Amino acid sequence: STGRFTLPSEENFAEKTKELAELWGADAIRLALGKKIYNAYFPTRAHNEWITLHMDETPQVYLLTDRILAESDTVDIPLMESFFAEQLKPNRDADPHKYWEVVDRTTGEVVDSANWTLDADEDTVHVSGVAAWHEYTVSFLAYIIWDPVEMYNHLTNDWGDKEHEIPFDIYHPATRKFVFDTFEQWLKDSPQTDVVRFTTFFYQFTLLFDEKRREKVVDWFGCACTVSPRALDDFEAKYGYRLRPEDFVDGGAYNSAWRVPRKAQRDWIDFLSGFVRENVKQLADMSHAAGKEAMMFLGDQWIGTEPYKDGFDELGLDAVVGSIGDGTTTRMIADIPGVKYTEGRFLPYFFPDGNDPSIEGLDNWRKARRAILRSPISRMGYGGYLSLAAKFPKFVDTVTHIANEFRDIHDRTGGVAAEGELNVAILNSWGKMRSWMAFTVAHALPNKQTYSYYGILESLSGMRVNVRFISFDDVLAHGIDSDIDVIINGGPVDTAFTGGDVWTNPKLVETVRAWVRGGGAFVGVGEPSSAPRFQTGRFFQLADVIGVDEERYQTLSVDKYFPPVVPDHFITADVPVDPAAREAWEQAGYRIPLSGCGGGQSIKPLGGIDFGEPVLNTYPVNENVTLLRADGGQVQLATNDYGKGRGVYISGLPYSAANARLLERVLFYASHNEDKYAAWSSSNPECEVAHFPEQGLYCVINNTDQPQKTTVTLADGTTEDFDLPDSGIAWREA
């Protein structure tokens, strides 16, 4: 129809915005047009005139120095040598001996404050009475004198000499009053503004730069940049113990979300969230009283908001808007409960950095569309310079097609989600609060270390099943909900995502085993249920369930015997064959048992599947485990029957259409639901089907810019053939 679209604007372009709004069925702009007007609002910056007179009220952060080697009983530790001095400055106002910590990293012990001094004229700490040949660090408070995101944009775009925006912390009453008074006045001064687009609120996700103007530390969920002597003293009075600098710097980990969460972290999250939420409610209330909608950007200063924790609905936010990078980041936005609507800001950004922009635009659409069919988002839009995009007529036509397809989905489905064929729960330390947020370091930027696991979320994001996120605490307190078909546990050992020492809790192991034994399904990816040193002979504590353990060089005396790999199986049914590869694998056969080397490992790989980063020396726990891929003398893919249920091991799973199909088949197989797989399935992995039963229709989508041929199988057993063009979509009667 028309609507559900946010068109960005600029000056001296009033005429073409009218044409592009008319062409794109836009109902919002970021004046006489009758459009909803969005205004970005930046609560903690844009007022150097305030903060320069109150410089002790900028946000602060605990910073950890480089490790400095003592070569006798004294050592000097430079504070600022590894940090960007334009962004960060040591706090000399708050008593260093009270607020800072010098640590001997070699022993883990805190150096007595009587044994170190801060230099009067240099940013350097002198430590005396120390042990030679140990490494020492300082953890110190630092003011953030440049708003991290503004700084990133400055550096990236090369804003040269432009004045640096100094950020402020509303935890201080003088600054808080300033902010609310300013917003009050701003509202009165902006009668044209229909939506306050808060970008964002009060605390920046951890984002620190080094002396070379490069990113030094980043965590999209990190709350490093949220301390002050006042907050820390108040925490102590509220929680009943004092936080150490170490509770923030975390030996150099800075409380990465990959770390197994500690009590101190959760307490700090609780404390910060209570404060942030009340102030956000106040901002929402002021916006509402002025007759405007309040919308939050899912990012930047989003720390303490916790959109997936209970009570978020109480803030009365009208909307969440977020960055659509892929399916996972789409679901991050779409699944948020307790706002009236959601918006994705789509790609490409309308920005200069011959080229055909339609390609990226249609790709972004596809990456997200498959997620949207599973969990609809209310609105779409783009950001930036609308005059720049007006130049590329093929891109404009692209957008008209997308906005239409977007509205047509809504018209056909009424914004109902597609029906899900199985209930899948991802189990980790965080649970619901980090829904779709597992494995992220930097937003939308998976890397070598993370992509073998992020691929699981990415596959699931657009899959025809219902995904929920549960924690070990949920499971321990309530058991496993009776409606769950499959639990997934995945990640490296000693992370929040596998769980760490929670696996040495016999109650957890009893609950899972009993549940799988009764008909449950457990899928372990990478190093599932891992717990180091607990048992000499068992690393994955649920190795018995999935039929696979990892050799950790404690069991090399025990010969490992691999059963023959099963090349024709339901799980691998869609993996493109490759006759000459299979032939070579069959001809080379399996190792003969040899002293100290076990036996039965294939001499050549079968291949055909990309499992990402290897988990070295995985092996089957007995010869009744079904090996599906075990190339290179270790195991990538296996399945094991366990009473009435099944476990599956996957070493890793980078996203691709092939690997989403593999995981999907894993899910149906492990839950003994093979006979449920056929209904509402595409024969081609490159296409997916969304069934909308109560509207009596289904659709099939081409997940690629390729023509794709596919056969859809209906519930009634009949089949229908399709020949979808680039990014296509066909609708049928159910």
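Heads up: residue numbers just count along the shown sequence, starting at 1. If you superpose the two forms and keep the largest set of C-alpha atoms that fall within 1.5 Å, you have the rigid core.
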Greater Cα displacement in 4 other deposited structures of this protein once the core is superposed, comparing 343-351 with 77-85
343-351
Would you mind working out which of 144-152 and 410-418 sits farther from this form in 4 other deposited structures of this protein by RMS C-alpha distance, with the rigid core as the fit?
410-418
Counting the other entries of this protein, is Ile701 left out in at least a third of them?
no
Taking only the other compared entries that model residues on either side of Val61, decide whether it is unmodelled in at least a third of them.
no
Look at the stretch from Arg30 to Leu31 and count the residues of the deposited sequence that the entry does not model, then pick none, 1 to 3, 4 to 9, or 10 or more.
10 or more
Residues with no coordinates between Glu163 and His164 in the deposited sequence, how many: none, 1 to 3, 4 to 9, or 10 or more?
none
Should the higher mean CA B-factor in the entry be assigned to 712-720 or to 17-25?
17-25
Hey, which bit's got the bigger mean C-alpha B factor in the entry, 397-405 or 72-80?
397-405
Out of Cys225, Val138, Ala289, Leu243, whose C-alpha atom has the biggest B factor in the entry?
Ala289
Hey, out of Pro348, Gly598, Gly524, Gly129, whose CA B-factor is highest in the deposited coordinates?
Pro348
Assert third(CA B-factor, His672) within chain per record equals middle
Within this chain, which third does the Cα B-factor at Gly643 fall in: lowest, middle or highest?
lowest
Using the B-factor values recorded in the entry, state whether the Cα atom of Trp186 falls in the lowest, middle or highest third among the modelled residues of its chain.
highest
Comparing against every modelled residue in the chain, figure out the third that the C-alpha B-factor of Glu510 lands in (lowest, middle or highest).
lowest
By the entry's values, the third containing the CA B factor of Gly383 is the highest
